>>> print(open('work10.txt').read())   # compact mmCIF, C-alpha atoms and all ligand atoms
# COMPACT_ATOMS: atom_id res chain seq x y z
CA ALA A 1 0.00 0.00 0.00
CA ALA A 2 1.02 3.62 -0.58
CA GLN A 3 -0.18 6.67 1.33
CA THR A 4 0.75 9.84 -0.52
CA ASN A 5 1.52 13.10 1.29
CA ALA A 6 2.02 11.18 4.52
CA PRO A 7 3.54 12.80 7.60
CA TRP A 8 7.31 12.85 7.08
CA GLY A 9 7.89 10.32 9.88
CA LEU A 10 5.71 7.67 8.27
CA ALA A 11 7.46 8.20 4.94
CA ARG A 12 10.80 7.98 6.76
CA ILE A 13 10.02 4.64 8.39
CA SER A 14 9.44 2.98 4.99
CA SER A 15 12.38 4.63 3.20
CA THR A 16 16.09 4.04 2.67
CA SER A 17 16.43 7.84 2.31
CA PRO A 18 15.19 11.03 3.94
CA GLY A 19 13.23 13.58 1.90
CA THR A 20 10.29 11.55 0.60
CA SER A 21 6.60 11.91 1.36
CA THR A 22 4.87 8.61 0.62
CA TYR A 23 4.43 5.91 3.28
CA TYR A 24 4.64 2.32 1.95
CA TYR A 25 3.39 -0.59 4.03
CA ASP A 26 1.89 -4.05 3.79
CA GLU A 27 -1.91 -3.86 3.70
CA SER A 28 -2.19 -6.14 6.75
CA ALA A 29 -1.40 -2.94 8.67
CA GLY A 30 -1.15 -4.46 12.15
CA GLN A 31 -4.55 -6.16 11.98
CA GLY A 32 -4.90 -8.65 14.85
CA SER A 33 -2.30 -6.90 17.01
CA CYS A 34 -2.88 -4.62 19.99
CA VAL A 35 -1.02 -1.58 21.25
CA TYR A 36 -1.48 -0.14 24.72
CA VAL A 37 -0.79 3.58 24.99
CA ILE A 38 0.11 4.30 28.61
CA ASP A 39 -0.29 8.04 28.83
CA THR A 40 -2.89 10.80 29.39
CA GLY A 41 -5.60 8.70 27.71
CA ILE A 42 -6.95 8.45 24.16
CA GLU A 43 -9.87 10.34 22.65
CA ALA A 44 -11.46 7.17 21.27
CA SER A 45 -14.23 9.11 19.52
CA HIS A 46 -11.75 10.75 17.16
CA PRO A 47 -12.76 9.81 13.58
CA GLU A 48 -9.09 9.01 12.89
CA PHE A 49 -9.34 5.92 15.12
CA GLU A 50 -12.32 4.42 13.25
CA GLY A 51 -13.65 2.65 16.36
CA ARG A 52 -10.34 0.79 16.86
CA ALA A 53 -9.43 2.75 20.01
CA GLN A 54 -10.86 2.37 23.50
CA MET A 55 -10.02 3.38 27.05
CA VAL A 56 -9.48 0.36 29.30
CA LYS A 57 -8.14 1.94 32.50
CA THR A 58 -7.76 5.19 34.39
CA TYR A 59 -6.41 6.09 37.84
CA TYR A 60 -8.17 9.46 37.86
CA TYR A 61 -11.70 10.77 38.06
CA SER A 62 -12.10 10.35 34.30
CA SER A 63 -10.68 8.26 31.47
CA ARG A 64 -10.93 11.30 29.18
CA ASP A 65 -7.75 12.65 27.64
CA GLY A 66 -7.96 16.28 28.76
CA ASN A 67 -4.40 16.96 27.61
CA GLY A 68 -3.93 15.65 24.07
CA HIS A 69 -0.53 14.02 24.47
CA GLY A 70 -1.88 10.46 24.75
CA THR A 71 -4.20 11.02 21.80
CA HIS A 72 -1.27 12.29 19.71
CA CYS A 73 0.87 9.28 20.58
CA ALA A 74 -2.01 6.87 19.88
CA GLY A 75 -2.48 8.58 16.52
CA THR A 76 1.12 7.89 15.55
CA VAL A 77 0.70 4.25 16.52
CA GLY A 78 -2.54 3.55 14.72
CA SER A 79 -4.68 6.37 13.32
CA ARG A 80 -5.84 5.99 9.72
CA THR A 81 -3.91 9.01 8.42
CA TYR A 82 -1.16 9.58 10.98
CA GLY A 83 -0.47 6.02 12.11
CA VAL A 84 2.14 3.36 11.40
CA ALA A 85 -0.17 0.37 12.03
CA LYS A 86 -3.46 1.52 10.57
CA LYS A 87 -5.50 -1.55 11.54
CA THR A 88 -4.18 -2.24 15.05
CA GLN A 89 -6.41 -2.16 18.14
CA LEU A 90 -5.53 0.66 20.54
CA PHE A 91 -6.03 0.45 24.31
CA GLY A 92 -5.67 3.56 26.47
CA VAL A 93 -4.34 3.40 30.02
CA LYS A 94 -4.50 6.80 31.71
CA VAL A 95 -1.60 6.91 34.17
CA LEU A 96 -0.99 10.63 33.53
CA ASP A 97 -3.34 13.40 34.59
CA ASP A 98 -4.53 16.17 32.28
CA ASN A 99 -1.40 18.17 33.11
CA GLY A 100 0.67 15.27 31.76
CA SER A 101 1.96 14.32 35.21
CA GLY A 102 1.84 11.03 37.07
CA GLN A 103 3.20 9.60 40.28
CA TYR A 104 5.60 6.71 39.72
CA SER A 105 3.36 4.44 41.84
CA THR A 106 0.47 5.04 39.44
CA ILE A 107 2.68 4.52 36.39
CA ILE A 108 3.90 1.22 37.89
CA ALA A 109 0.33 0.12 38.59
CA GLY A 110 -0.52 0.88 34.96
CA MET A 111 2.30 -1.30 33.66
CA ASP A 112 1.31 -4.24 35.86
CA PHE A 113 -2.28 -3.65 34.74
CA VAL A 114 -1.32 -4.07 31.08
CA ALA A 115 0.59 -7.29 31.81
CA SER A 116 -2.62 -8.78 33.19
CA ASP A 117 -5.12 -6.98 30.96
CA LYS A 118 -3.76 -8.44 27.72
CA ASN A 119 -5.27 -11.74 28.88
CA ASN A 120 -8.68 -10.03 28.58
CA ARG A 121 -8.08 -8.85 25.01
CA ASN A 122 -7.96 -10.45 21.56
CA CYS A 123 -4.50 -9.89 20.12
CA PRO A 124 -3.64 -13.04 18.16
CA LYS A 125 -0.71 -11.37 16.37
CA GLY A 126 0.80 -9.92 19.55
CA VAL A 127 0.81 -7.12 22.10
CA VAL A 128 2.82 -3.88 22.29
CA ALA A 129 2.95 -1.11 24.91
CA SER A 130 4.01 2.46 24.16
CA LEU A 131 5.30 4.50 27.12
CA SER A 132 5.86 8.12 26.11
CA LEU A 133 6.76 9.16 29.64
CA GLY A 134 9.57 9.05 32.17
CA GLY A 135 11.42 10.68 35.02
CA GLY A 136 14.57 10.24 37.09
CA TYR A 137 16.18 6.86 37.67
CA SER A 138 14.00 4.45 39.65
CA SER A 139 14.73 0.75 40.09
CA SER A 140 11.02 0.16 40.76
CA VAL A 141 9.93 1.86 37.54
CA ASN A 142 12.54 -0.08 35.56
CA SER A 143 11.46 -3.32 37.21
CA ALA A 144 7.81 -2.69 36.30
CA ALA A 145 8.79 -2.13 32.66
CA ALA A 146 10.88 -5.31 32.78
CA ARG A 147 7.92 -7.30 34.13
CA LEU A 148 5.64 -5.97 31.42
CA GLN A 149 8.16 -7.01 28.77
CA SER A 150 8.74 -10.39 30.41
CA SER A 151 4.97 -11.05 30.42
CA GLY A 152 4.94 -11.09 26.60
CA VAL A 153 4.50 -7.43 25.65
CA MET A 154 6.81 -5.50 23.33
CA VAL A 155 7.61 -2.48 25.50
CA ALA A 156 8.76 0.70 23.75
CA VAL A 157 9.74 3.64 25.98
CA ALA A 158 10.84 7.23 25.34
CA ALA A 159 14.52 7.98 25.86
CA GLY A 160 13.68 11.43 27.27
CA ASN A 161 14.05 15.03 26.13
CA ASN A 162 17.01 16.20 28.22
CA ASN A 163 19.76 16.10 25.55
CA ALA A 164 21.54 13.87 28.06
CA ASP A 165 22.57 10.28 28.73
CA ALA A 166 19.40 8.24 29.28
CA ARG A 167 21.14 6.05 31.90
CA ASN A 168 19.82 8.54 34.48
CA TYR A 169 16.14 8.19 33.54
CA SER A 170 13.41 5.56 33.95
CA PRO A 171 12.04 3.52 32.31
CA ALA A 172 14.53 4.62 29.58
CA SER A 173 17.43 2.98 31.41
CA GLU A 174 15.81 -0.47 31.68
CA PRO A 175 17.91 -2.79 29.48
CA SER A 176 15.15 -5.27 28.63
CA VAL A 177 12.74 -2.79 27.02
CA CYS A 178 13.14 -0.89 23.75
CA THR A 179 14.42 2.63 24.45
CA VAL A 180 13.65 5.09 21.66
CA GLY A 181 15.51 8.29 20.74
CA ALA A 182 14.22 10.97 18.35
CA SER A 183 15.38 12.15 14.93
CA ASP A 184 14.33 14.99 12.61
CA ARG A 185 13.36 15.07 8.92
CA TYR A 186 16.97 15.75 7.91
CA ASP A 187 18.22 12.67 9.77
CA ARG A 188 19.75 14.69 12.58
CA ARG A 189 19.40 13.52 16.16
CA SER A 190 16.59 15.70 17.52
CA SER A 191 18.23 18.47 19.52
CA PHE A 192 16.43 17.47 22.74
CA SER A 193 16.85 13.71 22.32
CA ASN A 194 18.56 11.73 25.02
CA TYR A 195 21.29 9.30 23.95
CA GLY A 196 23.68 6.77 25.49
CA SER A 197 24.31 3.04 25.66
CA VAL A 198 20.79 2.30 26.89
CA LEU A 199 19.21 3.48 23.62
CA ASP A 200 18.12 0.72 21.25
CA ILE A 201 16.71 2.65 18.31
CA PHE A 202 15.76 6.06 16.94
CA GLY A 203 12.47 7.07 15.37
CA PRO A 204 10.97 10.27 13.92
CA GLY A 205 10.41 12.74 16.77
CA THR A 206 10.66 16.34 15.53
CA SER A 207 7.59 18.05 14.04
CA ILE A 208 5.28 15.04 14.07
CA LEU A 209 1.71 15.56 12.86
CA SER A 210 -0.91 13.43 14.58
CA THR A 211 -4.34 13.43 16.22
CA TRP A 212 -5.27 15.79 19.05
CA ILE A 213 -8.24 16.18 21.37
CA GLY A 214 -11.45 17.85 20.25
CA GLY A 215 -11.23 15.84 17.02
CA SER A 216 -8.31 17.94 15.84
CA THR A 217 -4.70 17.50 14.70
CA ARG A 218 -1.41 18.94 15.83
CA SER A 219 2.34 18.83 15.16
CA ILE A 220 4.52 18.42 18.26
CA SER A 221 8.04 17.16 19.04
CA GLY A 222 9.58 14.74 21.51
CA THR A 223 10.94 11.30 22.18
CA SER A 224 7.26 10.82 23.09
CA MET A 225 6.57 11.05 19.34
CA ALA A 226 9.40 8.72 18.29
CA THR A 227 8.29 5.99 20.69
CA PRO A 228 4.88 5.31 19.06
CA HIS A 229 6.53 5.05 15.61
CA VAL A 230 8.52 2.14 17.04
CA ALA A 231 5.51 0.69 18.89
CA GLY A 232 3.39 0.84 15.73
CA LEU A 233 6.24 -0.67 13.72
CA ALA A 234 6.48 -3.57 16.17
CA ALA A 235 2.73 -4.23 15.91
CA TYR A 236 2.94 -4.09 12.12
CA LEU A 237 5.88 -6.54 12.04
CA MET A 238 4.18 -8.89 14.50
CA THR A 239 1.10 -9.05 12.27
CA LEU A 240 3.40 -9.94 9.36
CA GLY A 241 4.85 -12.75 11.49
CA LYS A 242 8.37 -11.32 11.16
CA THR A 243 8.97 -11.04 14.90
CA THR A 244 7.49 -11.50 18.39
CA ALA A 245 7.18 -9.42 21.56
CA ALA A 246 10.39 -10.89 22.98
CA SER A 247 12.40 -10.28 19.82
CA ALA A 248 10.89 -7.17 18.21
CA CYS A 249 13.35 -4.62 19.60
CA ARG A 250 16.27 -6.76 18.39
CA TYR A 251 14.58 -7.31 15.03
CA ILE A 252 13.93 -3.60 14.58
CA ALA A 253 17.58 -2.86 15.40
CA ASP A 254 18.74 -5.64 13.04
CA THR A 255 16.69 -4.25 10.16
CA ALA A 256 17.15 -0.53 10.87
CA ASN A 257 18.73 2.03 8.58
CA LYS A 258 22.31 2.09 9.88
CA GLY A 259 24.81 4.94 10.19
CA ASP A 260 22.52 7.49 8.55
CA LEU A 261 21.85 9.85 11.47
CA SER A 262 23.98 12.88 12.33
CA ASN A 263 25.12 14.18 15.73
CA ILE A 264 24.87 10.75 17.32
CA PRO A 265 27.35 10.78 20.22
CA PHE A 266 30.15 8.22 20.22
CA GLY A 267 28.78 5.09 21.95
CA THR A 268 25.11 5.55 21.00
CA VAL A 269 23.51 3.34 18.34
CA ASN A 270 23.13 4.92 14.91
CA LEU A 271 19.96 3.04 13.98
CA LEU A 272 16.74 4.44 12.51
CA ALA A 273 13.52 2.42 12.58
CA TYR A 274 12.70 1.01 9.15
CA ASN A 275 9.96 -1.37 8.00
CA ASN A 276 12.00 -2.92 5.17
CA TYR A 277 8.83 -3.03 3.11
CA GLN A 278 9.35 -3.64 -0.59
CA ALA A 279 6.23 -2.65 -2.51
CA CA A 301 18.23 -4.16 25.24
>>> encode(input="work10.txt", output="structure tokens")
Amino acid sequence: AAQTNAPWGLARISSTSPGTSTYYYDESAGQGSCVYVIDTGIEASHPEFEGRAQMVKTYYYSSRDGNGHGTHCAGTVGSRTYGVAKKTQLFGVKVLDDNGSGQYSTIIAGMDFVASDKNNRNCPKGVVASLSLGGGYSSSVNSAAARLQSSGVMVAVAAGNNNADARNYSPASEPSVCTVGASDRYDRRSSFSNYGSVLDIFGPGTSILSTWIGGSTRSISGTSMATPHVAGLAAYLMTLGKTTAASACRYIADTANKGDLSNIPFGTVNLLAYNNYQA
């Protein structure tokens, strides 16, 4: 399939070169997979989700996304226009309030929730979780992410927006999950993107157009935006049968565009998420 005039990040993920505008992908499009977006929620009513999104959990007085950030991330995973995996099922877990903040204890509860909740969902092709959040180093937060991964979920987490080594942030620093840095449309490391040995992969993160609340759309930037490209890619690849939850981060790294990003610090992977789709 070909989507013309796609957001640059979608075009980038299916291209051996920057500077193109058509997204190419297998029509299966993540059908039969599921992606949890652990964030401020998802506006499930947004036409862009086509009934494929739903809220499954909140820790606050509402499951509504009163911020937009979760809706944006979910859009990059699986919206019809702005998404990588256009037929995946999206499940929202609201661990962040409408200010985009969340106590680590609530975030941890949300991760353990997903590990159990997948057993209540139909995801024959596999399960992914996208965590566009983080804070300072916490062994408990890392351990929760590790459990989620161990339970059979492909966990993708944001590296962070500190232009610093991600070893000092969680869940970014957890070795067993897929830690995602951000790049821009000219294949530069995004200026805010964290880096370091704990990174596994980069994805498009600067000036990313996606869904927003009130049935709208918005371009924003962050490792929060790169993460759902990788989560959606994992779901897409799992539907194709190319990989599994336990191996998807490795597979994505194995098949990534290599050595093409600029301003990658010595010791950080130079790998850009790529679907290796040949039309
Ligand atoms: Ca690893």
>>> closest_atom_pairs(input="work10.txt", of="segment 131-197 of chain A", to="segment 79-99 of chain A", cutoff="12 Å", atoms="all atoms listed in the file", output="Markdown table")
| residue | atom | partner | partner_atom | distance |
| --- | --- | --- | --- | --- |
| A:131 | CA | A:93 | CA | 10.1 |
| A:132 | CA | A:96 | CA | 10.4 |
| A:133 | CA | A:96 | CA | 8.8 |
| A:134 | CA | A:96 | CA | 10.8 |
>>> write_last_selection(input="work10.txt", atoms="C-alpha atoms", output="PDB file, keeping the file's coordinate frame")
ATOM      1  CA  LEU A 131       5.300   4.500  27.120  1.00  0.00           C
ATOM      2  CA  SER A 132       5.860   8.120  26.110  1.00  0.00           C
ATOM      3  CA  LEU A 133       6.760   9.160  29.640  1.00  0.00           C
ATOM      4  CA  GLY A 134       9.570   9.050  32.170  1.00  0.00           C
TER       5      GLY A 134
END
>>> closest_residue(input="work10.txt", among="A:246, A:225, A:233, A:107", to="residue 177 of chain A", atoms="all atoms listed in the file")
A:246
>>> residues_near_ligand(input="work10.txt", ligand="ligand CA 301 (chain A)", cutoff="8 Å", atoms="only C-alpha atoms and all ligand atoms", output="list in words")
residues 174, 175, 176, 177, 178, 179, 198, 199, 200, 249 and 250 of chain A
>>> closest_residue(input="work10.txt", among="A:228, A:171, A:51, A:222", to="residue 183 of chain A", atoms="all atoms listed in the file")
A:222
>>> closest_residue(input="work10.txt", among="A:279, A:273, A:6, A:29", to="residue 187 of chain A", atoms="all atoms listed in the file")
A:273
>>> atom_distance(input="work10.txt", atom1="atom CA of residue 216 of chain A", atom2="atom CA of residue 188 of chain A")
28.4 Å
>>> residues_near_point(input="work10.txt", point="(-5.2, 7.0, 38.9)", cutoff="12 Å", atoms="all atoms listed in the file", output="PyMOL selection string")
chain A and resi 38-41+57-63+93-98+101-110+113
>>> residues_around(input="work10.txt", residues="residue 202 of chain A", least_positions_apart="3", cutoff="6 Å", atoms="only C-alpha atoms", output="short mmCIF file (atom, residue, chain, number, x, y, z; two decimals) with C-alpha atoms, keeping the file's coordinate frame")
data_model
loop_
_atom_site.label_atom_id
_atom_site.label_comp_id
_atom_site.auth_asym_id
_atom_site.auth_seq_id
_atom_site.Cartn_x
_atom_site.Cartn_y
_atom_site.Cartn_z
CA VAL A 180 13.65 5.09 21.66
CA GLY A 181 15.51 8.29 20.74
CA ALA A 182 14.22 10.97 18.35
CA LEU A 271 19.96 3.04 13.98
CA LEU A 272 16.74 4.44 12.51
#
